[PDB]
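Listed next as structure tokens: two forms of one protein chain, kept apart as structure 1 and structure 2.
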Structure 1
């Protein structure tokens, strides 16, 4: 069961879903729960919320907690009893997971969430999720008992500056209206966020425009609102003015409408490292913001895991439990990586110190469901949170037909590589020791263990199988579309590892040379993918298996070529990444830029020059002049483009 319930007693008996059943409470129970139940399916089945006639007998079994429920299955009856309407829906989401092949385990569950608000913030930079992706997400959240979706894509012009002031055009407004309706059907609070801070004026015109925009969103069905002041500069960072705006929204709108739910703000100082401990920003918000307004927080850094000491620090200043904005699996600063590994690092004992916990995901929506599912599990029952089981459970849920293949792929696509936020994840941990030994031995001319070579061999083989099967999988086409470039790159990685290992075994000179040439071609193939796929402005291209596998392959290749060159007095090139241009630092190609990893460069052809940046604030336009050689950051830009 995911999330795992707070309390579970199993009887080691099974029953059959009743082919004939009596349904008690269908007319008075949450209609969303009743629809699920009727889809799933005499023996009595009692469904309802505390206070309903149908569940009077179980009133003392029903947890006295928001979103709590009692679920019972035995020989004589099935009970699905919520403390509230959302609890009833959640009982059904647990019920659906117990049902296997027309059979039910005999069980009694008392369940409720440890964290009040649980969900996703679509709060990233990059291409906002598609409408269809969002529809799919909302269903996924209901299944996993996530009750919150915060809509705030940084690159939505009607969310951020300057068009936050403008109502959505009709097409987008209709789409938003449909998302809210689907959210509500799935027991998810659609929270519409606004990000006005970069150009807001602290005057009546803009205050009214803001309230007017919120009114428009209310007309589309929105009942929870957020104001985001993150990643801005200027007068919009003023905490007194921020708190006054939020309190006005609360007092003139949120407390005035019949049916508003959450009001949330994201501060400008939204993590410890971005906060001024000697400044008044956070204490001003904490003292001045009305107590019903939630304040968001990403931890000790922009990207960090949530610790007891960290959350203590913020809670003391804001005078309320922080609403956590967790910046994983968001990849908008390492866009060339997929972050498909487990969710871990967050303290499992601090539920009481948070008002909420939401994950900021990748611009790859389906891919993000691995982490989302795991966050849902963590947020509902942090005490019982099991990192690796939940990750496996997520994968089997996402892609049942190829779960082992998706596990293979995800386990080697977890780390972020080096980055300005200093955040890293484990990757390829299984084979890391065998890799580390093999390379240690091989480099120093000691004999490597056969089992380690065999493990590397097995892994590369499993990677190719996984890649080919995932490419062709039709159970979740949108997921496969998202990951496809990385899958191609992952396959090439595995093929390259297989050939490098054949070089290590090195039967004869001729065979070695064949493998060496094959490896050079695969290097070039990886370059082409890195240049043709995922060509975004910031971290273009496709990286995979970066932490352990690619380094092992590259260093082994460089080593065996060195030994070949000694033994045969040869001059084979031992470089590990393909580069078509020539220049000890490696050149790099990013989009239409040719770049020395921080005297003379020769391009593989003549191009119109755009400009050189250098930096030891040097810049020069080349006015479309033909250029093949350049003699002297160090970045030539060309028309390519």
Structure 2
């Protein structure tokens, strides 16, 4: 089950063993990063590793795809061939090789691969608590594993990339940590893109221009080889696309064209989605016209939160006269901070790879939890035409938490919707039991017998959520993930219990039992409010919501309805509300 799926793949249905004795050909010649991975997989048979042009992979150079980051991989009993179009490609061959190895044994196959989107990875662009240094080292290694080549770096607690301290050099301590990120991004074939955010206090004069240049040069000396300049945050003169183009072209010419090894050079426009673009203005096409063709322009789609469509990307491509570099604002939850967004990644058109220069995801402030979407994005961006939302979602989860994948699946299935929000952006959730939920409720609401099978499905779900919750909380394979999701897990358990007791009210043996359940529900609704007042307290959407699209309303509505039915029956007046 390769992730991302290779462009071309032929499997033989024979299978050889990792050879106990082998002979490495190209050890000296291939990308050291890939070879290091090979040595670690290899802790006799001919294994050939190298890039196009290496003496070691001469025999196979017609098999190597002619694409940046492409590779040829081969496995049969005679030899193993791992051969890149360039260094990054060989490393990518090795990342695929590692997924093939299962029990010192390899399948016999032949693969020709390359990415369909040129740039792919993550932009650290969410409001909230910034990630720790450690979380970032871990992200970078996860990117290399999934062949993401882009990391746009922006922690919001580092003031040396924005007003006013962008002007200033990183202090020693922070510098060295930053170097460490760059070192790790290099080893894993990721472009560390340092992004500067000047728009707040930038002057259109030559001195500020020079200070930026020198800042870029300092980052260069610390190892950075890719750069972004942000203009989303600016006003007045600064909003002139003409002048933005001049400054960026200026940096291209005096800097990027002058160093030998500058990879990405990227800007974020002042109008970065169609809806905040002024059709009575000039901004985009002027930028398109005046900005050097090798400079990327970032774009989030039709609206701030938006999936990428064919209409959507034509519309921006026509204007900037190049393929947009997509900034996808999902799974970022910084405007729905009381939700986790753990669902699958979908909605982006799968036939538009030629039309986009980059694809990056803006993740949640929950770094590990974000790995589900991130792995899915890497898959989508590498081979959109073979993109399989749901298999890739299950694959991500099995990858992040193999020892409790079914449990994270159950939990994630019911934590994907945003609930109503200022952006009007929603996701599906709980689709598996939706039909049973809706039938049971329609029948139940109208005094009409519900179906036993729907009742049992709901029962079953609640039981399974409790099991999953409890396994999740005690799991120690990925502690960071568990630390991140714990409050919500507790909340998810409470939801399940609440569901169980309400269902017991529906089954309703006798009046006294019914009041026990009723009081137990009130008490549980009560601990949910507790958690929601004491956990995840942030200024904007403080708290913890879970299972909110289908499940909590099914339970609330079933509760109101059953109490109503109880009040008629016994001329009682129990409060029927869930709030």
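Between two forms, the rigid core is defined as the largest C-alpha subset superposing within 1.5 Å. Residue numbers count along the first chain shown, from 1.
- For the residue set 161, 469, 429, 99, core-aligned C-alpha shifts between the two structures reach 2 angstroms or more at a single site, 161.
- Superposition on the rigid core between the two structures places the CA atom of residue 525 less than 2 Å from its counterpart.
- In the core-superposed comparison between the two structures, residue 400 has its Cα shifted by less than 2 Å.
- In the core-superposed comparison between the two structures, the C-alpha atom of residue 237 has shifted by at least 2 angstroms.
- Summarising the core-aligned comparison between the two structures, the C-alpha atom of residue 258 is found to shift 2.8 Å.
- In this core superposition, residue 214 moves its Cα by 2.0 Å between the two structures.
- Structural comparison between the two structures after rigid-core fitting shows the C-alpha of residue 459 displaced 0.3 Å.
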